[PDB]
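Colleague: here's my sequence, what's the structure:
(chains A, B, C and D, ligands or ions: 2)
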There are 2 protein chains.
Amino acid sequence: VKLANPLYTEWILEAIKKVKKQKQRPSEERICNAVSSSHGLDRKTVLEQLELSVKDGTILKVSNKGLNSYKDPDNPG
Amino acid sequence: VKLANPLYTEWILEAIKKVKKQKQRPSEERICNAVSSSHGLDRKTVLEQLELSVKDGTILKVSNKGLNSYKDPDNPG
DNA sequence: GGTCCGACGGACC
DNA sequence: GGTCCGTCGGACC
Ligand SMILES: [Mg+2]
Ligand SMILES: [Mg+2]
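Modeller: Numbers count the residues shown, from 1 in each chain, chains lettered A, B, ... in the order given. Ligands and ions are numbered 1, 2, ... in the order given. Below, you will see the structure:
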């Protein structure tokens, strides 16, 4: 019903917004860097929480023909 | 003796040099983008060949505190 | 000394 | 009409 850590989900949604503000695609690596830089969470954990949040439906995973990216439901474009 | 496709290894080593020339860390995502942009190889294949080349010893994988990167043995530093 | 972060103009579809 | 590529100064350790 909600597997992801709710606060970690919040940190990731913050990272997505920041990475987009930096005019970059919000891919796995760039989200990990942003969450690390803002909150000190380790990359391995951010990747698990990104996966879990996608299953919860609180973060959208978009399949691009190149690199996949992730979106806030509140700003799905 | 060699599990990777030798030509794909060569394309990945060119990508590592190009990514470093752009003053970025040669991580998985950035190597995939560079190989895709230069030779049209799909992300899934670049990742497998990167893993195989690391096994062959023709590409070095470096453990970083944050995001791991990849190096040409010819410029290891 | 050496690596690559971060901002941003503008190419791309 | 919108996304993010690609450059590069300079912050970081
Ligand atoms: Mg100096
Ligand atoms: Mg326009």
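Colleague: okay, CA-based contacts and neighbour counts for the rest of this
Modeller: Fine.
Colleague: where's the spatially most central residue of chain A, which helix or strand?
Modeller: For chain A, residue A:12 is the residue whose C-alpha lies nearest the centre (CA atoms, centre = their mean; 4.2 Å). Assigned by DSSP states H and E, residue A:12 falls within helix A:6-21.
Colleague: residue A:73 too?
Modeller: Secondary structure assignment for residue A:73, by DSSP H and E: no helix or strand.
Colleague: equivalent analysis for the one 3 residues further on, please.
Modeller: Applying DSSP H and E as the criterion places residue A:76 outside every helix and strand.
Colleague: got the residues of chain A near DNA strand D?
Modeller: Counting by CA under 7 Å from any atom of the strand, the positions of chain A adjacent to DNA strand D are A:20, A:22, A:23, A:24, A:25, A:26, A:69, A:77.
Colleague: the fifth one contacts residue A:19, correct?
Modeller: Yes. Judged on CA atoms under 8 Å, residue A:25 makes contact with residue A:19 at a distance of 7.1 Å.
Colleague: please list the residues of chain A that sit near chain B.
Modeller: A:29, A:33, A:42, A:43, A:66, A:67 (CA under 8 Å from any CA of the partner chain).
Colleague: change it to 10 Å
Modeller: A:27-30, A:32-33, A:36-37, A:42-44, A:65-67 (CA under 10 Å from any CA of the partner chain).
Colleague: out of those, which are buried?
Modeller: Buried residues within the residues of chain A next to chain B, counting neighbours by 16 or more other CA atoms under 10 Å in any protein chain shown: A:27, A:28, A:29, A:30, A:32, A:33, A:36, A:42, A:43, A:67.
Colleague: out of these, list just those in helices.
Modeller: Members of those lying in helices (criterion: DSSP state H): A:28, A:29, A:30, A:32, A:33, A:36, A:43.
Colleague: now for those: which two are most distant?
Modeller: Using CA to CA, those reach their maximum pairwise distance at A:28 and A:36, which is 12.2 Å.
Colleague: overlap in contacts, the two.
Modeller: Here residue A:28 and residue A:36 have A:43, A:46 as joint contacts, going by CA atoms under 10 Å, 6 or more residues apart in numbering or on different chains.
Colleague: any idea how far residue A:39 is from residue A:7?
Modeller: According to CA to CA, to the nearest Å, residue A:39 and residue A:7 sit 11 Å apart.
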